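What follows is the content of model15.pdb (PDB, C-alpha atoms).
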ATOM      1  CA  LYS A   1      -3.812 -14.622  -4.080
ATOM      2  CA  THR A   2      -0.042 -14.702  -3.680
ATOM      3  CA  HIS A   3       0.021 -10.956  -2.999
ATOM      4  CA  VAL A   4      -2.418  -8.586  -1.335
ATOM      5  CA  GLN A   5      -2.574  -4.791  -1.537
ATOM      6  CA  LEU A   6      -2.505  -3.166   1.897
ATOM      7  CA  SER A   7      -2.199   0.370   3.263
ATOM      8  CA  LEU A   8      -0.367   0.216   6.582
ATOM      9  CA  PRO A   9      -0.784   2.964   9.202
ATOM     10  CA  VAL A  10       2.585   4.469  10.093
ATOM     11  CA  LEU A  11       2.851   4.949  13.865
ATOM     12  CA  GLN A  12       5.234   7.005  15.990
ATOM     13  CA  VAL A  13       7.250   4.655  18.178
ATOM     14  CA  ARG A  14       6.416   6.468  21.452
ATOM     15  CA  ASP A  15       2.713   6.027  20.752
ATOM     16  CA  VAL A  16       2.868   2.253  20.246
ATOM     17  CA  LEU A  17       1.022   0.372  22.966
ATOM     18  CA  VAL A  18       1.905  -3.252  22.063
ATOM     19  CA  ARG A  19       5.545  -3.217  21.098
ATOM     20  CA  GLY A  20       5.904  -6.607  19.387
ATOM     21  CA  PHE A  21       4.036  -9.669  18.194
ATOM     22  CA  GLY A  22       5.322 -12.367  20.541
ATOM     23  CA  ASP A  23       8.231 -14.284  21.964
ATOM     24  CA  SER A  24       9.746 -16.424  19.183
ATOM     25  CA  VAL A  25      10.685 -15.906  15.544
ATOM     26  CA  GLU A  26       7.995 -18.313  14.391
ATOM     27  CA  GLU A  27       5.336 -16.703  16.581
ATOM     28  CA  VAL A  28       6.044 -13.114  15.519
ATOM     29  CA  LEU A  29       5.982 -13.990  11.808
ATOM     30  CA  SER A  30       2.719 -15.888  12.350
ATOM     31  CA  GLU A  31       1.088 -13.099  14.333
ATOM     32  CA  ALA A  32       2.334 -10.399  11.963
ATOM     33  CA  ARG A  33       0.778 -12.243   9.031
ATOM     34  CA  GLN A  34      -2.501 -12.673  10.911
ATOM     35  CA  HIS A  35      -2.620  -8.987  11.854
ATOM     36  CA  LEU A  36      -1.831  -8.018   8.264
ATOM     37  CA  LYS A  37      -4.767 -10.153   7.084
ATOM     38  CA  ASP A  38      -7.102  -8.690   9.760
ATOM     39  CA  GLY A  39      -6.156  -5.062   9.149
ATOM     40  CA  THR A  40      -4.697  -4.672  12.645
ATOM     41  CA  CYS A  41      -1.028  -4.141  11.774
ATOM     42  CA  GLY A  42       0.917  -0.895  12.054
ATOM     43  CA  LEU A  43       4.330   0.104  10.706
ATOM     44  CA  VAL A  44       7.077   2.025  12.522
ATOM     45  CA  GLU A  45       9.814   3.581  10.394
ATOM     46  CA  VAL A  46      13.301   2.668  11.588
ATOM     47  CA  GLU A  47      15.618   5.463  12.739
ATOM     48  CA  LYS A  48      18.213   5.820  15.473
ATOM     49  CA  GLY A  49      16.723   4.845  18.800
ATOM     50  CA  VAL A  50      13.635   3.106  17.436
ATOM     51  CA  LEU A  51      14.431  -0.602  17.690
ATOM     52  CA  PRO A  52      15.670  -0.444  21.326
ATOM     53  CA  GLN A  53      12.214   0.913  22.224
ATOM     54  CA  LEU A  54      10.445  -2.105  20.674
ATOM     55  CA  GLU A  55      10.428  -5.770  21.674
ATOM     56  CA  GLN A  56      12.360  -8.564  20.014
ATOM     57  CA  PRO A  57      11.896 -10.666  18.001
ATOM     58  CA  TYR A  58      11.278  -7.901  15.462
ATOM     59  CA  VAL A  59       9.314  -8.288  12.237
ATOM     60  CA  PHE A  60      10.445  -6.132   9.299
ATOM     61  CA  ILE A  61       8.841  -5.490   5.944
ATOM     62  CA  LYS A  62      11.552  -5.362   3.289
ATOM     63  CA  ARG A  63      11.362  -4.485  -0.388
ATOM     64  CA  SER A  64      11.299  -7.627  -2.513
ATOM     65  CA  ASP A  65      11.398  -6.163  -6.024
ATOM     66  CA  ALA A  66      12.332  -3.037  -7.966
ATOM     67  CA  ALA A  67       5.616  -1.190  -7.329
ATOM     68  CA  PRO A  68       2.273  -2.054  -8.937
ATOM     69  CA  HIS A  69      -0.345   0.690  -8.554
ATOM     70  CA  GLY A  70       1.915   2.506  -6.086
ATOM     71  CA  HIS A  71       2.234  -0.467  -3.722
ATOM     72  CA  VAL A  72       5.808  -1.528  -3.005
ATOM     73  CA  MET A  73       6.193  -5.303  -3.101
ATOM     74  CA  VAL A  74       7.408  -6.444   0.309
ATOM     75  CA  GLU A  75       8.063  -9.586   2.286
ATOM     76  CA  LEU A  76       8.505 -10.336   5.966
ATOM     77  CA  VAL A  77      11.842 -10.958   7.715
ATOM     78  CA  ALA A  78      12.225 -11.575  11.441
ATOM     79  CA  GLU A  79      15.205 -10.706  13.626
ATOM     80  CA  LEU A  80      16.265 -12.046  17.009
ATOM     81  CA  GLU A  81      19.616 -11.375  18.719
ATOM     82  CA  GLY A  82      21.195 -10.083  15.540
ATOM     83  CA  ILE A  83      20.200 -13.033  13.345
ATOM     84  CA  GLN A  84      17.639 -12.583  10.577
ATOM     85  CA  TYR A  85      15.252 -15.253   9.307
ATOM     86  CA  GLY A  86      14.557 -14.485   5.690
ATOM     87  CA  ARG A  87      16.534 -12.675   3.003
ATOM     88  CA  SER A  88      15.225  -9.578   1.247
ATOM     89  CA  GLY A  89      15.861  -5.937   0.332
ATOM     90  CA  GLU A  90      15.701  -2.564   2.029
ATOM     91  CA  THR A  91      13.709  -2.194   5.227
ATOM     92  CA  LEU A  92      10.529  -0.123   4.962
ATOM     93  CA  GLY A  93       9.827  -0.420   8.676
ATOM     94  CA  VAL A  94       9.135  -2.659  11.644
ATOM     95  CA  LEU A  95       5.645  -4.072  12.057
ATOM     96  CA  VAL A  96       3.683  -3.859  15.315
ATOM     97  CA  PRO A  97       0.103  -4.536  16.381
ATOM     98  CA  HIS A  98      -2.250  -1.622  15.729
ATOM     99  CA  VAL A  99      -4.707  -1.076  18.594
ATOM    100  CA  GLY A 100      -6.083   2.366  17.709
ATOM    101  CA  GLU A 101      -3.039   4.645  17.722
ATOM    102  CA  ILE A 102      -3.362   7.629  15.410
ATOM    103  CA  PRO A 103      -1.055   7.271  12.378
ATOM    104  CA  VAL A 104       1.121   9.977  10.864
ATOM    105  CA  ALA A 105       0.948   8.563   7.307
ATOM    106  CA  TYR A 106       0.084   5.377   5.356
ATOM    107  CA  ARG A 107       2.501   3.103   3.462
ATOM    108  CA  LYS A 108       1.025   1.264   0.481
ATOM    109  CA  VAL A 109       2.494  -2.220   0.095
ATOM    110  CA  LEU A 110       1.875  -5.366  -1.941
ATOM    111  CA  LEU A 111       2.531  -8.102   0.596
ATOM    112  CA  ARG A 112       3.819 -11.458  -0.645
ATOM    113  CA  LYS A 113       1.505 -13.728   1.354
TER     114      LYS A 113
END
Turn the structure described in the file into structure tokens.
Amino acid sequence: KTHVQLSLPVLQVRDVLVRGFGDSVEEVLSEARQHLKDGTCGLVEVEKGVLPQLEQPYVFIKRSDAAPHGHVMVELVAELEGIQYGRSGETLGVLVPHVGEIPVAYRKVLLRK
């Protein structure tokens, strides 16, 4: 399918144990997509002070359309040194590996895969 319905665990930034997906834009997009498929991907909501506590390159989920069955349609965009790879809408959060942290909420998304 071109899209897949997922419910992402929302994590507090200070709880996150693995603070990024890798060391290049291509690698983080690849690993984010794999973790999304495997159910091992968390979401951190972006506020002041959040991104400096995580590791670049960042992977964002951004809104791609203006929400079937409550799932916001999203796509992935990476960022490294102020340059973004991908073009999309508002940021819903930054993705990180999930390795068992306890979430504060869930964000329902329809991921363009």
Considering only C-alpha atoms, give me a table of residues in range 8-65 of chain A that are at most 8 Å from range 78-102 of chain A, with the closest atom pair and distance in Å for each, as a tab-separated table.
residue	atom	partner	partner_atom	distance
A:11	CA	A:102	CA	6.9
A:15	CA	A:101	CA	6.6
A:16	CA	A:101	CA	6.9
A:17	CA	A:99	CA	7.4
A:18	CA	A:97	CA	6.1
A:19	CA	A:96	CA	6.1
A:20	CA	A:96	CA	5.4
A:21	CA	A:96	CA	6.5
A:25	CA	A:78	CA	6.2
A:28	CA	A:78	CA	7.6
A:29	CA	A:78	CA	6.7
A:32	CA	A:95	CA	7.1
A:35	CA	A:97	CA	6.9
A:40	CA	A:98	CA	5.0
A:41	CA	A:97	CA	4.8
A:42	CA	A:98	CA	4.9
A:43	CA	A:95	CA	4.6
A:44	CA	A:94	CA	5.2
A:45	CA	A:93	CA	4.4
A:46	CA	A:93	CA	5.5
A:56	CA	A:80	CA	6.0
A:57	CA	A:80	CA	4.7
A:58	CA	A:79	CA	5.2
A:59	CA	A:78	CA	4.5
A:60	CA	A:94	CA	4.4
A:61	CA	A:92	CA	5.7
A:62	CA	A:91	CA	4.3
A:63	CA	A:89	CA	4.8
A:64	CA	A:89	CA	5.6
A:65	CA	A:89	CA	7.8
Excluding residue 70 in chain A and its own-chain neighbours fewer than 3 positions away, which residues fall within 12 Å of it when counting all atoms listed in the file? Please give them as a VMD selection string.
chain A and resid 5 to 7 66 to 67 73 106 to 110
Set up a box along x, y and z of the file covering all listed atoms of range 65-71 of chain A, add 8 Å on every one of the six sides, and write the centre and edge lengths in Å to one decimal, as AutoDock Vina command-line options.
--center_x 6.0 --center_y -1.8 --center_z -6.3 --size_x 28.7 --size_y 24.7 --size_z 21.2
Between CA of residue 3 in chain A and CA of residue 30 in chain A, what is the distance, to one decimal in Å?
16.3 Å
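Distances here use only C-alpha atoms; by that measure, the residue among A:111, A:4, A:104, A:76 closest to residue 26 in chain A is A:76.
For the atom pair formed by CA of residue 103 in chain A and CA of residue 77 in chain A, the distance is 22.8 Å, given to one decimal.
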Counting only C-alpha atoms, closest pick from A:112, A:69, A:48, A:37 relative to residue 13 in chain A is A:48
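Take CA of residue 22 in chain A and CA of residue 38 in chain A: the distance between them is 16.9 Å.
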Determine the nearest neighbour of residue 10 in chain A from the options A:113, A:105, A:39, A:71, counting only C-alpha atoms.
A:105
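Minimum atom-to-atom distance to residue 36 in chain A, evaluated using all atoms listed in the file, belongs to A:9 out of A:9, A:49, A:23, A:14.
For the choices A:8, A:1, A:52, A:33, the atom-to-atom distance to residue 75 in chain A is smallest for A:33 when using only C-alpha atoms.
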